[PDB]
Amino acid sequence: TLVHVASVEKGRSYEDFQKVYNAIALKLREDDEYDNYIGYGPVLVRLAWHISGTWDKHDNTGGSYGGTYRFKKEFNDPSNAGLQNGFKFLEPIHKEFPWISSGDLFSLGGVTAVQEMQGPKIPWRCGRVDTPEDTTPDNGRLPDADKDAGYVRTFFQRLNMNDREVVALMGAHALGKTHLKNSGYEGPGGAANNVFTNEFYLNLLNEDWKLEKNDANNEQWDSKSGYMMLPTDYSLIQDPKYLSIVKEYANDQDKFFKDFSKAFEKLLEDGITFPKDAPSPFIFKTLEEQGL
């Protein structure tokens, strides 16, 4: 098992990272047209998850630490199709703040997006260090969407996530949309959202879902309201243990926010050893809280 020790960017502190947060947040506000006015929030959340979701608890390969998404093998992963948009968004931020590591930037992009979209505060720790090209994990570590609850449960054990953590994390599927050219799934169109809420769970429970084939000849669940769910999303109401948790989050916005915050921080920190004298996690103020 590889050890990756968090190492604070030299001389940097909370205020430095709040500046980076602010630059990302201001650009999120500025570049509002992206993806039919969804904006870049959802894709940045997905990017933070995909750079983290390569982790394997068994040998500490993959994970957010090394910033390896910057290397061609990983950015060309078919599982990552469309994330180049998030990377391009972050390029000018990195140019302005060249001192931040790639892993810190990609993960901070996700935290910033969640908070700016009115989601929970996500505490965030610095200190990821760029590692060489040969540390890039092979393609195929990110999950398939065409599978069932048993697949989801087993998949997430590799990331050390339990049922509650899985169901909480999946609530991010309130955000943005599927794009046929990226993943072979499509929708929503007009029903897409860039505000972080517990809508995913409400939709699972309340919509009249029909199993249909999309234009890529893949099955997905669609509703008359114009919403969609992936087979893996729908599996959360097919499995009785997942279903109980779906009901809980559908009925308690605050609980969902608290549990998502913990699971998302954990996801972004998997694989990293924080020295006992490392700084405490940072909680960034939103632009709104700063009057900016």
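Superpose the two forms; the largest set of C-alphas matching within 1.5 Å is the rigid core. In this text, residue numbers run from 1 along the sequence as written.
Rigid core superposition in 8 other deposited structures of this protein puts the Cα atoms of one stretch, out of 186-194 and 98-106, farther from the shown form on average, and that stretch is 186-194. Two stretches are in play, 270-278 and 20-28, and the higher mean C-alpha B-factor belongs to 270-278.
Taking the PDB entry as given, 53-61 carries the higher mean Cα B factor of the two stretches 53-61 and 259-267. Looking at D134, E219, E165, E199, the one whose CA carries the top B-factor in the deposited record is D134. Of the candidates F156, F75, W124, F106, it is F75 whose Cα B-factor is highest according to the PDB record. In the PDB entry, a CA B factor belonging to the highest third of its chain's modelled residues is recorded for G82. Annotation for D215: CA B-factor lies in the highest third of the chain's modelled residues. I38: CA B factor lies in the highest third for its chain, per the PDB record.
When the modelled residues of the chain are ordered by their C-alpha B factor, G119 lands in the lowest third. Split the chain's modelled residues into thirds by C-alpha temperature factor. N193 is in the highest one.
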